[PDB]
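Next comes just one chain, in structure tokens: the form deposited in one PDB entry.
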């Protein structure tokens, strides 16, 4: 009905570098992380390897995550409060495309060379639907609004995280949905052992992007070890982003 005589929105984004220096970029509302990364590659003449990424820190909630390359940056940043301590960092995070470098570490003509790694990825990502890693095991889930944690068995599925309720079978029928991936972003939890008395500091966090302070809707999961955390974080990102993640990886290689 109406005409769009509006101006394309432009945001000054302060990107923090690993040496503590900053670069102020003009980021318009159409620009993906991919584009801000391309810009930073040109402005820094770095080596352009696939581990370079935008990373958001949440100093209050003590959580951090990688931006995926297809994410709209203005869209992400417009969730932050006026008085926010949150920072966008430009750094290397080699775990971001770990499944793509080493698919055998997540899915479990014989030697696992580049070619067989490629076959595995194509089967897993390039088919009609994505094959999510066969992932299941126990995790510690923080109780809502308590400094206490419950062990429960969880299972990774293409759409979400499932679990067996306390006193139910391991079979298909007994499973209930804990969380859906449409709703949440996945993050690293930092110092949850200290702040929330977590059994370990291998912690991941599940949170709607919009949430900016302490709430029960923020879910805290604690893993037995680093390898477990890695599995869950990689696996969830695969389930959430699917083929887009593969596309992101390929796109990154093209720049290296």
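Under this definition, the rigid core comprises the largest set of C-alpha atoms superposing within 1.5 Å between the forms. Only residues modelled in both forms are compared. Positions refer to the first chain, counted from 1.
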Item checked: Coordinates lacking for residue 183, a third or more of other entries -> no
Next item on the list: Answer yes if residue 150 is missing coordinates in at least a third of the other compared entries, and no if every one of them models it.
Entry: no
Checklist line | Absent coordinates between residue 108 and residue 109 - deposited residues affected, binned into four classes | finding: 10 or more
Notebook entry, point to check: Would 55 to 63 or 22 to 30 have the larger average of its C-alpha temperature factors, as given in the entry?
Noted result: 22 to 30
Check: Would 171 to 179 or 113 to 121 have the larger average of its C-alpha temperature factors, as given in the entry?
Finding: 171 to 179
Margin query: Maximum C-alpha temperature factor per the entry, among 11, 245, 233, 239, belongs to which one?
Written below: 11
Next item on the list: Determine which member of 208, 197, 70, 219 has the highest CA B-factor, using the values in the deposited entry.
Entry: 197
Note to self: Going by the CA temperature factor in the PDB record, which third of the chain does residue 96 belong to: lowest, middle or highest?
What the structure shows: lowest
Check: Taking the C-alpha B-factors as the PDB entry records them, is residue 224 in the lowest, middle or highest third of its chain?
Finding: middle
Notebook entry, point to check: Can you tell me which third, lowest, middle or highest, the CA B-factor of residue 90 falls into for its chain?
Noted result: lowest
Next item on the list: Ordered by C-alpha B-factor within the chain, which third holds residue 185? Give me lowest, middle or highest, please.
Entry: lowest
Check: If you rank the chain by CA B-factor, which third does residue 36 end up in: lowest, middle or highest?
Finding: lowest
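If you look for the form deposited in another entry, you will not find it shown, but the lines that follow are about it.
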Next item on the list: Give the option from 129, 84, 180, 172 whose C-alpha shifts by 2 Å or more between the shown form and the other one; the alignment is on the rigid core.
Entry: 172
Item checked: Direction of the Cα shift between residue 171 and residue 127 in the other form, where the change is 3 Å or more -> closer
Checklist line | Regions shifting between the shown form and the other one, defined as 3+ consecutive residues whose CA atoms all move 2 Å or more relative to the core | finding: 164 to 175
